[PDB]
Amino acid sequence: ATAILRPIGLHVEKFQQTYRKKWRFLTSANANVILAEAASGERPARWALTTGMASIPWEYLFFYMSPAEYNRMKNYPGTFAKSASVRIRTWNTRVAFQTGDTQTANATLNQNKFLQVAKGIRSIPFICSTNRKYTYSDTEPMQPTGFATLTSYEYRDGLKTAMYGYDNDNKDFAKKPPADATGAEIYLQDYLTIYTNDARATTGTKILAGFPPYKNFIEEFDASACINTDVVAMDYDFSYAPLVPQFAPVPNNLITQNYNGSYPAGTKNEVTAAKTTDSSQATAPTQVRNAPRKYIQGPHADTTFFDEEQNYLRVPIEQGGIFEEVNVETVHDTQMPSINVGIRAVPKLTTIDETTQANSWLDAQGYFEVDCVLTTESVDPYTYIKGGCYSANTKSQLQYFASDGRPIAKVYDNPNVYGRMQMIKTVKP
Amino acid sequence: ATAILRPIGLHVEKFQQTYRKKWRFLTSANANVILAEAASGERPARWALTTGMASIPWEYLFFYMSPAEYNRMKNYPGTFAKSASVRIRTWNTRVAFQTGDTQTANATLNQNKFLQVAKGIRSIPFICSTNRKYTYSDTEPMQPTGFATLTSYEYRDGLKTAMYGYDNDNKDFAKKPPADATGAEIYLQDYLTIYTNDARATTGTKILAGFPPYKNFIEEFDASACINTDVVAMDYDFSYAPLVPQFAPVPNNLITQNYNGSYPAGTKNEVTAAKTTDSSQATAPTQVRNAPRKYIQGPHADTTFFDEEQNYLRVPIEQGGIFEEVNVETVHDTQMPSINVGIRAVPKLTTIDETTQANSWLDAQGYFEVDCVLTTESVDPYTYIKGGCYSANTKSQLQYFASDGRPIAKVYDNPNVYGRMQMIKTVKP
Amino acid sequence: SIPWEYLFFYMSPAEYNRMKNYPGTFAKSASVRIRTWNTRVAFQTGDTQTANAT
DNA sequence: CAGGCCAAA
DNA sequence: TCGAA
DNA sequence: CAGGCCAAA
DNA sequence: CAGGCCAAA
DNA sequence: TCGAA
């Protein structure tokens, strides 16, 4: 029996794209200094311990694609970032022969040079560190004396501007040449900071534990023997990272009266649940299903997130748990490792009258070549004969939305709770 | 590249302790007699069938550790009971040559001697038996004629007092010498009882099924050939049995404003759910998440259970489902098997005028040597530099609590529902 | 001098405070390994008239 | 043929 | 990895 | 290429 | 010894 | 098959 027709299925076309960048980063060797941070609003008073390792923003999309590539990627609905990779190699670390001070400087040819690398500090439940930018002192450029007012969003925007230049019509175009074009370096200014409670104003019982021994969670290498060596090599397969909303399916409300019918889910959890926790132990953890969310494509689409391009540099690529699909699915929380690299401050040769850490430090700079690759995928269904692409109903996607209309997304700038990332409302640019 | 520092992690010290005891138990061979139990409150009128197998309280902590060991175990936070083991061996069973009656007793050298063993009766959905203490008749000491007023808590307290003696300052110190010191025996007085509905007062439709054939679920051996033989050998690995609350973690509320932030749990169930069922079929089963519970260590700790030592002899060791952890976890209901051993009553040689069971029974006693071992573990984190031990945030533990403040715990004394244990409020000592 | 004969050289205050809770604690052994890195010598002192940097 | 049902394995 | 295989 | 989606396996 | 905890594997 | 083995 000859078969004139066979179930060939749909005509689905899948596209794959890869993006490569190479960056050169200069990080200063900040001293380990305790700084007092005043209480403000929900933030209590806390002591802050600065550290010299600068963070590598490999969790954001601008780190991988240029504005032109992002603008063209906007034209392919259903774009999912499948994988990312980053390799950090280190070059010769530079240490000043002698500081600006001359009376007691004792310039030296010999030098001790150590490189610190951290990979999982952000996910450690008890460290509760975060990324901050400091304001250095005039006499000791390696000694932080406060915190800059630049937020994480502003820091990443400035870094992207340094990477890709301005527009040709901008008056400040001559200030920052495109690093992607020139191959120059980009000074990194965001460094890790450990935190501990400030018990001076505490009334009643006090916690006097001090800082945790965070040095036990970082690698340290002799920078003299690390010249031209691979220091970091990380790969990350994204669980769910929709960069462009899927194609809008043909609504079944215009065809069938059955569109609102229910069907049994059984014991399987078809709807994602949001978990609220209280680290102050004043309230037990709560899990809530049917969280406020709405579709990101279709008749009642709310594309605020993608229109705002929050995923470019304001929100990380990895967004598992945030986005739900109507397909029978399983969803788990996802987060990315945090890469921190930097040179330890070199103590000055001058003597110290009492047993304590170094009082002055030599200027130092590390040289890091970062090679990053991002691989994505796209889908075009061609479900219907006419009217362009339409996707299947089971591919409909919803995003968590606040009661005030702002979408909810992951952020990696806030310290973790229970070794977990935190969902927060996106802020309009 | 030489590594001066490496990620050695935390300094966590783990301690393991084991407790061994050997007990000698004497159990009487009660007759199988139907007793009428009157209705009281929620309890309906029911017929009760006594059985001669005494229960072995291997699910309680006093069975394994002495008061001194328990008092010292209180000093190791994070004490989890990892395993338990019990071996029961039987010695020569004793049967009276002739009872107090002399007119019709017919003393005999020959004797039939049978030993009954039951292991899973408590978990059988339809038997609905329970452990009870009887009040014997004067003429027939092997024939129960009612129920004693001693509850399970009182019976276990008396058994513990018999095992470990009184305090040296107590006036009753000379009454009960410590069995753990002397090696003497301990008369067991708690025996199994089958139940069935009493249809005499029932109005309308009636269930006239009678007693279930519980003899099909018990082993029976010839006690003559069992002299000095291992009868029972049971091992039990505890799923979750916290004996001392974990070390209080450093609260993140004193450090970060992020402590109250939420994070997506996905389709995974991070919060344990309580299930309420109705065997009367007047209401469908209900599953409720976010059950009332509160932390057992930390700033807002409620240590009522452990302060009351309910886990010593009032509440079983196994408490799965009751205790929740903030760590990403999976929880399932847990229960322990019930060991019942005892000699069957020996009918008197006197003849019976009609076809029925024995009217009088010879006195009998079984001799059981019980060897029990309990293995536990402990953890000391040393997370922070100063101020003693502090645990990680993800190790925070919550316990179910009633709306009136009494904690909720498992009890094995009540009959099962749907082959499942029942949660009930603990009672203050 | 290397103060390797004292207890603070080995245990932090938290470890010492918890060790206080175990009666009968006997220190059975101690070990110390000292490794040396590059020694630093000044190119020239504060004096400049007769210093002869080398 | 005992541990969240047994007539399921 | 709330038995454990 | 049929059974809780298929463009997943 | 980095990805939803580590003192679990 | 919201990493992936």
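Structure summary
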| item | result |
| --- | --- |
| Average projected area [Cα convex hull, chain B], square nanometres | 30.5 nm² |
| Within a Gaussian network of chain A (alpha carbon springs, distance under 10 Å), most fluctuating of A:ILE34, A:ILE296, A:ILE207 | A:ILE207 |
| Kirkwood Rh (inverse of mean 1/r, distinct Cα pairs), the range A:70-171, angstrom | 19.4 Å |
| Paramagnetic reach from A:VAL271 in the range A:377-403 [backbone N under 15 Å; point 7 Å along Cα→Cβ] | A:398-401 |
| Prolate/oblate/rounded label for the range B:150-276 (Cα gyration tensor, a/c 1.5) | oblate |
| Computed FRET value (nearest 0.05) for A:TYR166 with A:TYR187, which takes r as the C-beta separation and R₀ as 22 Å | 0.80 |
| Whole-Å distance, taken between Cα centres, linking the range A:69-146 and the range B:12-44 | 65 Å |
| Descending semi-axes in Å of the protein assembly as shown, equivalent ellipsoid built from Cα gyration tensor | 68, 41, 22 |
| Helix axis angle, A:152-164 relative to chain A longest principal axis, alpha carbon, degrees | 90 degrees |
| Value at 222 nm in deg cm²/dmol, rounded to 500, when DSSP H runs of n ≥ 4 in the protein assembly as shown each add -39,500 (n - 2.57) | -2000 deg cm²/dmol |
| Candidates B:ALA107, B:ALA201, B:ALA45, ranked by Gaussian network fluctuation over chain B, Cα under 10 Å, top entry | B:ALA201 |
| Inter-part distance where the range A:198-227 and the range A:335-408 are each reduced to a Cα centre, Å | 23 Å |
| Shape of the range B:359-429, Cα gyration tensor, a/c cut at 1.5 | oblate |
| Prolate/oblate/rounded call for the range A:234-292, Cα gyration tensor, a/c under 1.5 rounded | oblate |
| Spin-label pair B:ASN414/A:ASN253, simplified geometry with 7 Å Cα→Cβ offset, distance in nm | 4.8 nm |
| Fluctuation leader among A:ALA248, A:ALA282, A:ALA364 - chain A, Gaussian network, Cα springs under 10 angstrom | A:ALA282 |
| Shielding by partners, peptide B:2-15 (average Cβ within 10 angstrom, other chains) | 5 |
| Per-residue average of Cβ from other chains inside 10 Å of A:100-109 | 3 |
| Nitroxide proxy distance, nm - points 7 Å out along Cα→Cβ at B:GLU377 and A:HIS11 | 6.1 nm |
| Theoretical FRET efficiency, 1/(1+(r/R0)^6), r = Cβ-Cβ of A:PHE147 and A:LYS428, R0 22 Å, to 0.05 | 0.35 |
| 10 Å Cβ shell holding at most 16 others, DSSP loop, chymotrypsin sites (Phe, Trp or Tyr not before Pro): longest site-free stretch of chain B | B:167-417 |
| Shielding score for A:42-49, defined as the mean number of other chain Cβ atoms within 10 Å | 3 |
| Projected label distance in nm at A:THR394 and B:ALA68, using a 7 Å step from Cα toward the beta-carbon | 6.8 nm |
| Total formal charge among the other residues, if their Cβ is under 13 angstrom from that of C:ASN17, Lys/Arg +1 and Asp/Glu -1 | +1 |
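Here Cβ is always computed from backbone atoms with ideal geometry, including for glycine, and neighbour counts include all displayed protein chains. Here, each number is a calculation from the coordinates, and none is a lab measurement.
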